[PDB]
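Chains BBB and AAA, in that order, are what the protein sequence lines are.
Add 1 to the 1-based position in the first sequence for the deposited numbering, that's all there is to it.
Add 1 to the 1-based position in the second sequence for the deposited numbering, that's all there is to it.
Read the structure below first, then the notes.
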Amino acid sequence: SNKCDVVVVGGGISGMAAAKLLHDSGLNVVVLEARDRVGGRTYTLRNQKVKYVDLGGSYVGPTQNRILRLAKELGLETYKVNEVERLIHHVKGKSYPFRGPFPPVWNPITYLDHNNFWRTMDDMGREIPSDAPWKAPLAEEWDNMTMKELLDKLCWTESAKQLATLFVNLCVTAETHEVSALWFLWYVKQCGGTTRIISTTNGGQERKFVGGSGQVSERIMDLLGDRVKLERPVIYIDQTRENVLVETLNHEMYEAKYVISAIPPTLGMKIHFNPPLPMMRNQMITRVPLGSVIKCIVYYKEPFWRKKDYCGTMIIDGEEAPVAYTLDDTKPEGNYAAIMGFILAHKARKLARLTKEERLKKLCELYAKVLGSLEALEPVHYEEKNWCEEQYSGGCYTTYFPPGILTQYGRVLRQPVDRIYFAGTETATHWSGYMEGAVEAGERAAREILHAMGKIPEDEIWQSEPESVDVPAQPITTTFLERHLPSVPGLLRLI
Amino acid sequence: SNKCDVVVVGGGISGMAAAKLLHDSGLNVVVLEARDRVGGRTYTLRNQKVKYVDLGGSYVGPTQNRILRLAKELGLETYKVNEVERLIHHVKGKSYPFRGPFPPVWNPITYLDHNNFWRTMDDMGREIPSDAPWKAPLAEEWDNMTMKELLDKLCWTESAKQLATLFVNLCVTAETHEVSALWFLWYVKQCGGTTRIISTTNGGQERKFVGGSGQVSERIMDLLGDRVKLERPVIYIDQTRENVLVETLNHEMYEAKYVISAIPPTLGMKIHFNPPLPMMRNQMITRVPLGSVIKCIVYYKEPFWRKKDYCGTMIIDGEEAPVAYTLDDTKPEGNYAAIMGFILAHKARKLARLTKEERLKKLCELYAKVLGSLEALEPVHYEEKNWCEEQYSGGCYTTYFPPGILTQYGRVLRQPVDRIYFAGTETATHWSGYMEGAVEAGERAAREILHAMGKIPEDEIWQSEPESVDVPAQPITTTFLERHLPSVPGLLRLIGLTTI
Ligand SMILES: *Cc1cc2c(cc1C)nc1c(=O)[nH]c(=O)nc-1n2C[C@H](O)[C@H](O)[C@H](O)COP(=O)(O)OP(=O)(O)OC[C@H]1O[C@@H](n2cnc3c(N)ncnc32)[C@H](O)[C@@H]1O
Ligand SMILES: *Cc1cc2c(cc1C)nc1c(=O)[nH]c(=O)nc-1n2C[C@H](O)[C@H](O)[C@H](O)COP(=O)(O)OP(=O)(O)OC[C@H]1O[C@@H](n2cnc3c(N)ncnc32)[C@H](O)[C@@H]1O
Ligand SMILES: O=C(/[C]=[C]/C1=[C][C]=[C]C([N+](=O)=O)=[C]1)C1=[C]C(C(F)(F)F)=[C][C]=[C]1
Ligand SMILES: O=C(/[C]=[C]/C1=[C][C]=[C]C([N+](=O)=O)=[C]1)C1=[C]C(C(F)(F)F)=[C][C]=[C]1
């Protein structure tokens, strides 16, 4: 057997961040990675046509201080996603350009309904503990409803319900009827609320890494050398003896003091456990699917949309459109002009039966309509990735919780099982679902082990992160009218 | 490698029925079973205090002709569960004895609401094809609602909503808010509807096997001999070469022409696939949990409840009650008197924290109150099994579908993946979730392979089953009033119109 201090299962950002922290503390770590690459739900493809492209997780922004610090230490730089010109909201077959993060509305009833929807998402979130959403005062009530039920109650207009639906589909790559209202409300609040999660400027989509986010995992693999074992899917963990035994599919055995599980929760099902897992974890890992998305990048000769004072952001309502959301993916130098779009949730499943060339035609025709430009019909290149097909991800971006699961099983997610500690972005308390949450959870799991070893005190397990000097956060603000305008039923109670 | 025609993954009733059919057809089969025993979600415990007891699946009944036929061919016999005396419905801390399968209501408005609830479940079921529920005309609308939402729309009384809640909890070991309305309506219709699924006499809970249901899998293992490999959990299936390669945890390799996967769909996640599964199955097997249940059997000196004209059936509403449903589990000889009860859904999670002795105490106190009998506080023995702890089951009785999954992913549940065919009760079209459905699916998967091999024509893949001569099925009937009485909103519309 190969003997080490800690085996880390998974070489995504979380497992690499955990392995780096333990290595830096002087422990002998091994990373066992199922794939022939590191990075997991991050994947940067390089070729002459694109230079580089993120086909998985890409964006970082203010308040994501851990991923920004880790990347800076590994030598990476960010650049800003283009948001100089106007965003577009495409509604009932017409483009409405706008500025500011929230698509505006002009009808006064629709205005009250939209304002109340976003305000209510944040009001509900203020009662949900980031580190324990099952402790929300209405946890059971909210966990026993889907987001479809909540939007049916809250939205008096079809306009608000359609945009709220798009919000859920885009944020969590899942239908409103698939997901728990408590879990969705927690998910938004633990990113800093509605404005922060939906924003490019001053929010989650502000920046990308120069050369791709895959460099985070690749550069930690560079540091660790042959401590990273590629094509070593873990099949078996045995905790019955003095040392933990970890077996891989290619017949290798690893012996360690402790294990970090840095894989999506449900992919724990791919490991046979001795002794069996405790009942609550045994069932939990069958109840926590990942969402569905195709990330598609269409390349053009120039960023032609900018000539029409459009930044390349499109928010596209309705069933017919394959893509509900796009961002400008042009490189910081103005070259490799491109539009990134997502095919979300049921559409990822519906449109997966098409060929790559058929998806490209649908996207170009959509973009030609929304940007009002024939130039959209002349792509020079195309790259896409359907994350639903990945055996060792299960989907993207993250794990969602169907109704009833977070209150019954949520407490299990980061509970250690003897000498197995749990990392992965699903176990974070701030930007869970993101690269930021991956770093938080991997470093916290590593520090749980250092505490178990008697190397650090209990109060050092959870550590605050200084604000980035390069990407400072501006405050989220609201107006008097936003805070105090009535809801639609509120306007009716006054009549 | 060990070479054969067909590797069957899983030695539950479904894999064992598949293996038996293939063996009987002259093929070389191997069964790879993870556990040190066959039977899976069936498990018959034998000891001197109980003689035998089913801690997993137990009951069979009219219309379950495949399991009856298989068991009969293996030399097994059935007996009837005791339903001679009155059933009890316990609600708001009082017991109401009754006869007939449905707990009755006297309040006229409540009666309309109850009648309409059961009628509507079956009316909706008649829109849903057993072999393709996603083809129901309103499949998307019904799949995008939980059963909680459906009961909130349908039940105009708390009485009906509370009974309907217990019905879902007991039938599918899940909460109403956990499960798709389309899936639940399918599940009930593919068992023959509300009356058949809830009934003891003339329904699913009519009979048990003398000596236990585990004998089905055990007697097939006896016929197959050393073809059944115990403690062989499958970890890897490789279809990249001319023969399929199947690898076990204990480092054995099996080579076959075809594979039958006879495990619960989500337990396919325990296998690494080369090439990877197609996208739809890859995601489906992360979306289909099994329910939660502890099956608990309390033994007594005598079946004392019969002396009070109670058969031992208790239908118990109330968050405080650990157990929502019981049956008499006395042996057919009248000895080893016992009450079987289920701890369902969230209660199986909440009460798993307790010791075995603490659960026995809570159950005895409950039974004493419901039966009005101090004798219930004098148990002589106790057996239980929490199925939520089983690595190689995932839960019991069966797999449930949360909202949105059956329409998006249901088409791939029994779609072959190259040379992998899918059995297991979850893939059945009649009594899916039951031992009957295990037999249907195992035999159908085996015939798909016989067809692939050119041994049988396509029209022999799906085969009807002659009715049991031992267990005749009475038809499900309704009265004129049951068919035509209005719902509560129907009555309100009649009132509004009159007064006009
Ligand atoms: C896919 C995706 C993700 C995504 C996104 C868009 C798409 C299409 N957009 C994002 C964004 O713009 N910004 C952001 O911060 N995140 C975004 N995301 C999500 C992000 O990619 C993920 O949150 C993060 O990458 C998750 O990291 P984590 O380290 O927690 O998880 P992982 O990447 O899935 O890594 C797990 C690794 O484990 C290996 N594995 C799996 N099973 C085994 C076994 N049995 N044995 C050994 N290794 C195993 C996987 O192969 C993987 O490398
Ligand atoms: C648990 C339970 C079930 C049950 C019930 C009450 C309880 C508490 N009441 C029932 C009843 O009264 N009447 C009835 O007809 N059914 C009832 N059920 C359901 C019933 O037990 C199940 O429907 C039926 O037994 C399912 O049979 P099936 O053959 O489809 O599935 P299985 O029994 O789960 O068998 C699967 C086997 O596969 C092995 N396994 C799992 N993973 C692997 C791997 N990787 N490799 C090899 N073998 C594997 C399992 O160990 C099992 O033996
Ligand atoms: O929820 C939103 C965006 C999330 C989001 C989450 C993860 C990853 C990414 N990304 O990679 O792009 C975007 C949103 C929503 C809206 C709105 F208002 F239309 F609903 C307008 C803009 C953005
Ligand atoms: O749905 C019911 C019972 C299913 C059921 C399904 C599987 C296995 C078993 N079992 O082993 O006991 C019982 C039911 C429901 C009622 C009612 F009406 F109260 F809801 C009254 C009696 C029975």
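We put the CB at the ideal spot given by N, CA and C, even for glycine.
Bridge partner(s) assigned by DSSP for residue i
i	result
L246/BBB	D239/BBB and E256/BBB
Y398/AAA	Paired residue(s): none; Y398/AAA is not in a bridge.
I344/AAA	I295/AAA
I261/BBB	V9/BBB and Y422/BBB
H91/BBB	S96/BBB and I317/BBB
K81/BBB	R208/BBB
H24/AAA	None; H24/AAA has no bridge partner.
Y300/BBB	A339/BBB and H382/BBB
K4/AAA	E256/AAA
Residue j beta carbon less than 8 Å from that of residue i
i	j	result
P102/AAA	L164/AAA	no
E441/AAA	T430/AAA	yes
residue 1/AAA	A446/AAA	Because chain AAA spans 2 through 501 in this model, residue 1/AAA falls outside it and cannot be assessed.
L23/BBB	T249/BBB	no
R420/BBB	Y259/BBB	yes
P404/BBB	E179/AAA	yes
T314/BBB	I477/BBB	no
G13/BBB	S218/BBB	yes
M281/AAA	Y80/AAA	no
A424/AAA	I261/AAA	yes
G76/BBB	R208/BBB	no
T399/AAA	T267/AAA	no
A175/AAA	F118/AAA	no
Proximal residues of chain AAA, C-beta to C-beta of residue i below 9 Å
i	result
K296/BBB	Residues of chain AAA passing the Cβ test: none, with the nearest at roughly 14 Å.
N283/BBB	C389, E390, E391, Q392, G395 and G396
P333/BBB	Correct list: empty, because the minimum Cβ distance to chain AAA is about 34 Å.
Same chain only: Cβ atoms within 6 Å of residue i, ignoring 5 sequence neighbours per side
i	result
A137/AAA	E128 and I129
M222/BBB	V39 and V229
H273/AAA	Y237
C397/BBB	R42, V294 and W388
Neighbour list for residue i in chain BBB, Cβ cutoff strictly below 8 Å
i	result
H431/AAA	Per Cβ cutoff of 8 Å: no residues; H431/AAA is ~25 Å from chain BBB at best.
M122/AAA	Per Cβ cutoff of 8 Å: no residues; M122/AAA is ~21 Å from chain BBB at best.
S293/AAA	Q284
Closer than 7 Å at the beta carbon, the chain AAA residues around residue i
i	result
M280/BBB	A353, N387, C389 and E390
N145/BBB	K149 and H178
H347/BBB	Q409
Close Cβ partners of residue i (< 7 Å) along its chain, the five nearest in sequence each way excluded
i	result
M122/AAA	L186, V189 and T195
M148/AAA	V169, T177, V180, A182 and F185
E86/BBB	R307, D310, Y311 and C312
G215/AAA	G40, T43, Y44 and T45
Neighbourhood of residue i by C-beta, 8 Å cutoff - its chain only, sequence neighbours within 5 removed
i	result
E459/BBB	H452
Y301/BBB	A338, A339, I340, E376, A377, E379, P380 and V381
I198/BBB	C172, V189, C192, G204 and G205
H91/BBB	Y97, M315, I316, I317, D318, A322, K370 and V371
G395/BBB	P265, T267, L268, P290 and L291
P279/AAA	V413 and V418
Partners in chain BBB for residue i, counting only beta-carbon separations shorter than 7 Å
i	result
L407/AAA	Ordered by position in chain BBB, no residue passes the 7 Å Cβ test against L407/AAA, which lies about 12 Å from the chain.
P130/AAA	Result: empty, since nearest Cβ-Cβ is about 21 Å, beyond 7 Å.
Contact set between residue i and chain AAA, taken where Cβ atoms lie within less than 8 Å
i	result
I236/BBB	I236, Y237, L250 and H273
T267/BBB	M270 and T287
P290/BBB	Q284, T287 and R288
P277/BBB	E390, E391 and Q392
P403/BBB	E179, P403 and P404
Contacts that residue i makes with chain BBB (C-beta to C-beta distance below 9 Å)
i	result
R350/AAA	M280, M281, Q284, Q409 and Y410
Is the segment 241 to 248 of chain AAA touching the segment 482 to 490 of chain BBB in the sense that three or more CB pairs, one from each, lie closer than 8 Å?
-> The segment 482 to 490 of chain BBB makes no contact with the segment 241 to 248 of chain AAA, as fewer than three CB pairs between them are under 8 Å.
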